[PDB]
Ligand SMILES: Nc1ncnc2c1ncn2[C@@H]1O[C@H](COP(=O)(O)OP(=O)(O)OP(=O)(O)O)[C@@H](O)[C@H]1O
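Next comes just one chain, in structure tokens: the form deposited without ligand ATP.
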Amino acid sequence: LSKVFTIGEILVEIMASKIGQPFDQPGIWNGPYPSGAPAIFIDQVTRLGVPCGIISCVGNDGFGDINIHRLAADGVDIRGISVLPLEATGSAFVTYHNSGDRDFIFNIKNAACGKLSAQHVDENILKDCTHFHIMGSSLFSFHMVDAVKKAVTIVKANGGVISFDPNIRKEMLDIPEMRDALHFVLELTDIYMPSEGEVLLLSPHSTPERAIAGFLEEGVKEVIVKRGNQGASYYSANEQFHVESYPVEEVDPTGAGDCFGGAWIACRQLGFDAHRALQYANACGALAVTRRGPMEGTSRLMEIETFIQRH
């Protein structure tokens, strides 16, 4: 009955079929593919066998259906996904440069996703929610923050746990309203999971150490740092440790952080200790980047176990 819930953008991704393919010339594209950091995160949670749900908004179109179908089939409680007739399901077109850099044409802010208001958050859907996960990338409007704030109040009310992944767009930091929202969340966060490049973003300090130790002082219980292709680290007032990255043929990093986080949250729900959870989250993130597609790199528990072993 205990459930892990997340909230945020759900969209489909349409990928360029060839590297170097431009946006301003006819070509071949592949998709749609289920996507959206919160959706990818929750999909990893369900594939690990942990009952979960997601609060989102999609339009009444096939793009919205493919996401709902995928999540539902994978075991996710999809009741929290409202369908908006007068809106188009968010999307994202992506191309690849020879350098490895990606280019996107996003439609999220002015699509169904950016419609999610505090009213789409039903207290009845979060009754059995003991753990709520927030994606920084979701906070791009006041309506979004309200929904998130409402949900967090409801979950902490029933004694739930709050985790927060600051995977935002740096630009958002130059907006006072959104700047506060992020800090507001950080203050109510028990589990903080920034990537190496985001540790200082929400910190008054200038060094990762001070930043991490600062977070713990503020009230954060755990800080998990994803160091891209350099491993990751676990930080708690009582302990501290790190694991190394696995050497893999990177193909698509789009959802490596979401998968890493899904594995961490789910593994911890399954009783794993911080050390086991960390190596698994790391292995999960590593396995994810090896497959093309935002949500096509998720893994089952023993696939992660085996990945680790064979290495």
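All residue numbers are counted from 1 along the displayed sequence.
Although it is not shown, the form deposited with ligand ATP bound is what the next lines describe.
- Of the heavy atoms in residue 75, none are within 4.5 Å of ligand ATP in the deposited complex.
- The closest heavy atom approach of residue 60 to ligand ATP in the deposited complex falls outside 4.5 Å.
- Among residues of the shown chain, residue 30 is not one whose heavy atoms approach ligand ATP to within 4.5 Å in the deposited complex.
- Remark: residue 229 counts among the residues lining ligand ATP in the deposited complex, judged by a heavy atom distance of 4.5 Å or less.
- Contact with ligand ATP, judged by heavy atoms within 4.5 Å in the deposited complex, is confined among 264-272, 249-257, 66-74, 51-59 to 249-257.
- Site annotation in the deposited complex: the residue of 95, 141, 203, 167 reaching within 4.5 Å of ligand ATP with a heavy atom is 167.
- Taking 16, 301, 289, 12 one by one, only a single residue has any non-hydrogen atom within 4.5 Å of ligand ATP in the deposited complex, and it is 289.
- The three marked residues, 35, 36 and 107, fail to reach ligand ATP in the deposited complex, with no heavy atom of any inside 4.5 Å.
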